[PDB]
Structure formats: structure tokens, C-alpha cells
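Each remark here refers to the structure printed beneath this line.
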Amino acid sequence: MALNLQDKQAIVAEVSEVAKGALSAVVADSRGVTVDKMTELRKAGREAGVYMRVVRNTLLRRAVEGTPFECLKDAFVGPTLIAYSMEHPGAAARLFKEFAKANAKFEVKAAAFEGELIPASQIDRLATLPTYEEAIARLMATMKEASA
Amino acid sequence: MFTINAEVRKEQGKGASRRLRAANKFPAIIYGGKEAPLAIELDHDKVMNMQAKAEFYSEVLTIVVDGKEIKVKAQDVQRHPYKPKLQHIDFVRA
Amino acid sequence: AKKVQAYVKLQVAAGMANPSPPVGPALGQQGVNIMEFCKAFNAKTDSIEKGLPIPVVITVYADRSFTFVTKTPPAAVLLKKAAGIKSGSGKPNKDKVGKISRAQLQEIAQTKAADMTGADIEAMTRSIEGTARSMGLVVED
Amino acid sequence: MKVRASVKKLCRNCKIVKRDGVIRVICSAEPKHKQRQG
RNA sequence: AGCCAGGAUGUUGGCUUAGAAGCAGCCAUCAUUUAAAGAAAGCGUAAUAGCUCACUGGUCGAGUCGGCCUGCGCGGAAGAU
Numbered sequence: 001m002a003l004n005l006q007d008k009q010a011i012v013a014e015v016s017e018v019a020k021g022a023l024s025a026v027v028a029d030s031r032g033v034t035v036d037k038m039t040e041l042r043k044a045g046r047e048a049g050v051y052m053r054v055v056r057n058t059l060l061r062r063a064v065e066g067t068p069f070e071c072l073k074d075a076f077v078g079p080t081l082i083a084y085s086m087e088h089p090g091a092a093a094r095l096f097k098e099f100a101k102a103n104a105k106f107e108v109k110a111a112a113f114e115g116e117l118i119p120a121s122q123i124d125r126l127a128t129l130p131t132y133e134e135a136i137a138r139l140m141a142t143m144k145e146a147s148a
Numbered sequence: 001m002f003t004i005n006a007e008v009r010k011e012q013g014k015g016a017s018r019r020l021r022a023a024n025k026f027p028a029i030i031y032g033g034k035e036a037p038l039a040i041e042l043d044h045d046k047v048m049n050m051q052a053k054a055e056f057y058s059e060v061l062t063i064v065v066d067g068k069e070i071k072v073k074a075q076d077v078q079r080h081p082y083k084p085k086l087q088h089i090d091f092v093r094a
Numbered sequence: 001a002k003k004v005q006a007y008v009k010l011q012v013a014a015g016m017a018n019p020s021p022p023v024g025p026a027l028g029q030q031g032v033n034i035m036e037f038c039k040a041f042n043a044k045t046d047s048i049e050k051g052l053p054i055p056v057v058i059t060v061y062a063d064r065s066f067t068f069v070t071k072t073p074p075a076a077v078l079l080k081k082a083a084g085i086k087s088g089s090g091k092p093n094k095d096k097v098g099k100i101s102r103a104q105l106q107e108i109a110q111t112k113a114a115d116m117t118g119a120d121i122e123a124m125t126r127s128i129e130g131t132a133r134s135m136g137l138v139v140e141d
Numbered sequence: 001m002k003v004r005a006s007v008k009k010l011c012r013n014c015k016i017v018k019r020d021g022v023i024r025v026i027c028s029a030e031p032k033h034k035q036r037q038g
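Residue numbers (the entry's author numbering), protein chains in the order written: chain 9, 1 to 148; chain 4, 1 to 94; chain Y, 1 to 141; chain q, 1 to 38.
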């Protein structure tokens with residue numbers, strides 16, 4: 001631990017992502033291994049690049065320190081170990097769905113999917129944020145509904 | 001800026017000094033300029049913790065006696081021969 | 001990938017999957033089959049390149065039939081066939097004599113970007129710098 | 001057992017314990033390191 | 001302080017040696033991925049391997065560390081009617 005000019009930077013990045021972000025999920029790395037975070041590394045890298053950062057910050061004065069500003073409901077998501085996956089450009093694209101599918105491979109746990117603060121709820125694994133660019137499914141029935 | 005507190009010595013001598021030292025105090029004196037040498041006692045622990053740092057002795061210090069600040073500089077100091085203790089101190093007016 | 005058996009990586013010959021002295025029977029004997037190393041590994045080897053060291057990892061448990069898997073080349077050996085001096089030093093580590101290229105060390109690390117944590121593409125090249133300076137090879141940037 | 005006037009911790013494992021008014025060094029690791037004061 | 005994790009790379013640093021891969025030595029004691037990881041403190045070996053440790057991240061949730069001055073006590077402390 002350094003003094004105060006070192007912890008505040010962790011909180012600075014945390015508050016920057018918490019406020020300037022989007023849908024995010026939770027990954028309770030009670031016993032993190034080498035390939036768990038690696039698979040999540042590829043998972044987040046597909047998100048446009050390096051903006052889906054996930055560090056092992058579960059402290060009340062680290063990750064809960066940036067709760068007062070934005071995401072003011074992480075006090076209940078601040079106990080034992082909660083790796084907040086704050087997002088960045090875009091939307092909820094697949095972080096929730098990908099996390100559910102990765103957490104279902106016995107990768108450590110996620111505190112029963114505690115959840116971040118997008119909606120007006122707490123814990124609800126929704127699949128209504130996958131498709132957000134598709135614009136070619138409305139051009140498949142035009143050359144089959146003309147003869148008849 | 002070190003600020004020492006002190007009292008004027010009623011009785012001076014060998015026995016008196018010994019008594020002071022027994023009672024966690026120790027004598028000291030101020031001298032310099034036109035003014036007459038002023039004998040005072042000091043609480044020992046405070047001043048030992050003080051004189052530990054080196055700046056005590058280089059810088060100017062303020063002695064409070066009878067509610068009056070005298071600015072002095074530590075000139076000389078008697079130490080106990082085989083203990084981390086102060087027998088006596090010389091202060092010069094500054 | 002979430003679980004692993006076991007694995008014995010070793011720089012084997014691509015050109016012909018049939019070595020005696022280097023590996024041969026030591027490349028698999030504990031339930032591994034040496035006859036299934038020259039009917040399937042070569043199948044996925046006439047579509048890329050053949051002749052340089054190609055580590056292999058065999059997925060044999062006890063069911064006698066395994067699933068051969070691929071891997072990647074070493075980054076430390078990437079400054080030998082794609083930089084300059086093959087040895088890399090020549091002399092004890094006291095006097096810098098090695099060298100690298102400035103146009104390089106960016107596209108040679110993109111080939112092995114399947115084993116880099118750096119989520120940025122340029123973040124993978126900064127780790128190459130340290131691996132390219134193992135001895136202290138000073139480059140002409 | 002060593003029984004000494006001067007008993008000491010000889011390694012990280014060595015621990016000092018008084019039992020029945022006797023300073024004793026007992027070491028989890030090294031048997032040689034167990035001591036007694038006498 | 002325990003408790004759960006890591007304790008990596010170049011690398012097994014080179015030699016001289018029979019071998020030397022942290023651990024026979026002799027010597028340099030550097031750099032990388034950085035949360036952190038000693039060219040290595042102990043065990044271990046044919047030597048690797050393997051088992052710890054250093055530091056560090058998590059849990060926990062109030063005191064904690066070891067010097068100084070002095071008081072009283074403990075051991076050191078075995079003899080012959």
C-alpha cells in the first residue's frame with residue numbers, strides 16, 4: 001500500500017468507469033486462477049478493444065469508494081469479493097449474456113449474479129441486449145411473395 | 001521552532017541539583033548580552049526527546065519562564081557519563 | 001478451454017512426424033499413440049507451414065484415442081529467424097552486441113496474438129520490447 | 001535436549017515457552033533446537 | 001496474527017564440474033508480465049523434479065509492534081553426622 005496518491009487512482013479509474021459506462025456485471029473471484037481471467041480477457045477484448053476492464057477490487061474504500069457518485073447501489077454488492085465489470089462505448093452488448101455463459105462453466109462464481117445498476121431492478125439475467133445492429137433480416141421476404 | 005518551558009531555580013548548588021535530577025528535572029542556565037545569567041530548571045523527558053533531533057541545537061529555541069519568551073541557542077550540554085541523560089545545559093541569548 | 005489433463009510440449013519436427021532420437025517414443029507412451037501422430041497432425045500441417053519447431057500437446061486420457069491440438073511458436077526465438085543473430089548473444093551478458101529492427105517487432109507479435117493478454121493490439125508489442133531486450137539488444141528506433 | 005544457562009531462539013520455528021517456572025525453547029521444525037534453562 | 005490465492009518470464013544466468021537446473025561453489029545480483037513474485041531464505045535431489053518462505057491480493061474488523069527508562073521477582077544455583 002503506498003499512501004493516498006496511489007489508492008485514489010484506483011478509485012479514479014473506478015469512478016470513471018462507474019459513471020462513464022454502461023451495463024455491467026459481477027464476477028466473484030474467490031479463488032481466481034490463470035485461465036478464468038484469460039477467458040474473460042478474450043471475452044472483453046471482443047468488446048471493441050480495451051474498455052471492459054475487470055480488476056479484483058472488492059474493498060469498501062476501493063470499489064465501494066466510487067459508489068457515492070454513480071452506481072449508488074453497490075453497498076450490497078460490496079461484500080466478500082465483487083469484480084465489477086463496468087462497460088464503456090456502446091451498450092449492454094453481450095457482457096451479461098457472455099458472463100452468464102462463462103459463469104455457467106464452473107468459473108468461480110458471481111455472488112449469484114448480483115448485478116450492476118442499469119434498470120430499476122437488482123438481479124435479472126436478461127437476454128434483451130444481444131442484437132443492436134441487425135438490419136438485414138427485413139430483406140429476406142421480397143423475392144418470394146411476388147408470384148403469389 | 002522548539003518551545004521549552006522552564007521555571008526559575010530557587011535554590012542552587014550540589015544537593016539542590018541532585019534533587020532536581022532525582023525529580024525528573026534538571027538544571028540549565030541562560031546567559032548572553034547585557035542581561036544577567038538566568039538559572040532555570042527543565043523537565044527532563046521533554047527536553048531529552050527534544051535534543052534527540054539535530055535541529056534542536058542548530059536552530060533558535062524559545063524558553064518560556066514566568067510567562068516570557070526568551071530566544072536562546074543551545075551552546076553546551078552536560079550529559080550523564082553512561083546514561084542517555086542530561087546533567088545540565090548552557091543556553092546563550094539569541 | 002476450462003479444464004486440462006496433462007500435456008507434454010516439445011519442439012518436434014513438422015516436416016515429418018516420425019522422430020526417433022529427439023522424441024520418438026518419448027512424445028507419447030502413457031496411453032498416447034505414436035501411430036495417430038502421423039495421420040492427423042500432418043493433415044493440419046500441409047495447410048500452413050512445415051519444418052520449424054512445432055510444439056504439440058496430445059489429449060490422451062486412457063481411451064487410447066486422443067485429440068491432437070495445436071500451439072504457437074516462441075516469442076524469444078522470434079528474434080532469431082526474423083531479427084538477426086540466431087544465437088542472440090554470443091558472449092557473456094556484459095557487453096551489448098545484439099541488435100533488432102524498428103520496422104519489425106510489431107508485425108511479428110501480431111502472428112502470436114492468440115496467447116497475449118494485452119487487450120490492445122499495441123499493448124502486446126510493448127511486452128515484446130522486454131522479450132527483445134532479454135540480453136539488452138539495443139534497437140535503432 | 002540442551003539444558004543451558006543461555007537459551008535462545010535458534011530459528012524461525014523456535015518458540016520460547018515457560019512451563020512450571022522453566023524457560024524452554026520448543027521448535028516445531030528441528031528437534032536439535034529444543035532447549036531448557038539449567 | 002491466522003485464514004483462501006498466487007509465489008511467474010529472459011532462465012536451467014554462465015562456468016568448473018562428474019553433474020549444478022535458486023540452493024557444490026565463484027560471481028554478476030540484472031532486467032521483463034507488474035498486484036507481486038529473491039538469478040533466491042530453508043527443506044529436498046543424482047540433478048532436475050517436488051515442498052515451503054520472502055514480498056502481494058482477498059477475508060476479517062480494533063488495536064498492534066519493539067526499543068528506552070526504572071521497581072519487584074525467575075533461571076544460572078552441586079557436598080559430605
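Cβ atoms here follow ideal geometry from the backbone N, Cα and C, with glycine treated the same way.
Check, Outcome
"Going along the chain, which residues of the stretch 96-126 of chain 9 sit with their C-beta nearer than 8 Å to a C-beta in chain Y?", "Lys105, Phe106 and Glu107"
"Tell whether a beta-carbon distance below 8 Å holds between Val57 (chain Y) and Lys71 (chain Y).", "yes"
"Buried or exposed: which applies to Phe106 (chain 9), given that a residue is buried once 16 or more other Cβ atoms fall within 10 Å of its Cβ?", "exposed"
"Whose C-alpha, out of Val27 (chain 9), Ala92 (chain 9), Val108 (chain 9) and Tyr84 (chain 9), is nearest the C-alpha of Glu133 (chain 9)?", "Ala92 (chain 9)"
"Would you give the residue range spanned by the beta strand (DSSP E) that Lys14 (chain 4) belongs to?", "Segment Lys14 to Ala22 is the alpha helix (DSSP H) holding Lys14 (chain 4); no beta strand (DSSP E) there."
"So is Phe69 (chain 9) buried or exposed if we call it buried at 16+ other beta carbons inside 10 Å?", "exposed"
"Residues of chain 9 with CB under 9 Å from residue 151 (chain Y), in chain order?", "The shown model of chain Y, from 1 to 141, leaves out residue 151 (chain Y), and the question about it has no answer."
"I want to verify the contact list: residues of chain 9 whose CB lies under 8 Å from the CB of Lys2 (chain Y), in sequence order.", "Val35, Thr39, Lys105, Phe106 and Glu107"
"Reducing DSSP to helix, strand and coil, say where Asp90 (chain 4) ends up.", "strand"
"Considering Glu98 (chain 9), what are the terminal residues of the alpha helix (DSSP H) in which it resides?", "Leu95 to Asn103"
"Could you give the distance in angstroms between the alpha-carbon of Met140 (chain 9) and the alpha-carbon of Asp120 (chain Y)?", "37 Å"
"For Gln106 (chain Y), which three-state DSSP category applies?", "coil"
"Please give me, in chain order, every unbroken run of the beta strand (DSSP E) with length at least 3 that falls completely inside the stretch 39-89 of chain 4.", "61-65 and 69-79"
"Using a beta-carbon distance cut-off of less than 7 Å, what residues from the stretch 41-65 of chain 9 approach chain Y?", "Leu41, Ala44, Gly45, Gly49 and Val50"
"Below 6 Å CB to CB, which residues in the same chain sit around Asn42 (chain Y) once its five sequence neighbours on both sides are set aside?", "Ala17"
"Per DSSP, which residues does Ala6 (chain 4) bridge with? Please list them.", "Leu42 (chain 4) and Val65 (chain 4)"
"I'd like to know whether the C-beta of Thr117 (chain Y) is nearer than 8 Å to at least one C-beta of chain 9.", "yes"
"For the stretch 21-41 of chain 9 against the stretch 108-118 of chain 9, are there 3 or more C-beta pairs whose distance is under 8 Å?", "yes"
"So, under 8 Å CB-CB, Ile40 (chain 4) and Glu7 (chain 4) are touching, yes? Tell me the CB distance rounded to an integer number of Å.", "6 Å"
"Within a Cβ cutoff of 7 Å, which residues of the same chain sit near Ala75 (chain 9), ignoring the five residues on either side of it in sequence?", "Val64 and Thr67"
"For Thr125 (chain Y), which three-state DSSP category applies?", "helix"
"Assign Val33 (chain 9) to one of two classes, buried (16 or more other C-beta atoms within 10 Å of its C-beta) or exposed (fewer than that).", "exposed"
"Are the C-beta of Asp46 (chain Y) and some C-beta of chain 9 separated by less than 8 Å?", "no"
"So which residues of chain 9 does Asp120 (chain Y) contact, with C-beta pairs closer than 7 Å?", "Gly49 and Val50"
"Is it buried or exposed for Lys34 (chain 4), if we count other Cβ within 10 angstroms and need 16 for buried?", "exposed"
"Residues bridged to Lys80 (chain Y) by DSSP?", "According to DSSP, which records beta bridges pairwise, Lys80 (chain Y) is partnered with nothing at all."
"Just tell me which of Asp29 (chain 9), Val50 (chain 9) and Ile82 (chain 9) has its CA closest to the CA of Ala123 (chain Y).", "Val50 (chain 9)"
"Specify, as a first and last residue, the run of the beta strand (DSSP E) that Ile58 (chain Y) falls within.", "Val57 to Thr59"
"What's the C-alpha gap between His44 (chain 4) and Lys94 (chain Y)?", "59 Å"
"Between the beta-carbon of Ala132 (chain Y) and the beta-carbon of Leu79 (chain Y), is there less than 8 Å?", "yes"
"Measure from the alpha carbon of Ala5 (chain q) to the alpha carbon of each residue in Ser28 (chain q), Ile23 (chain q) and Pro31 (chain q), then state which is nearest.", "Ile23 (chain q)"
"Which residues share a DSSP beta bridge with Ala28 (chain 4)?", "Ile40 (chain 4) and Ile89 (chain 4)"
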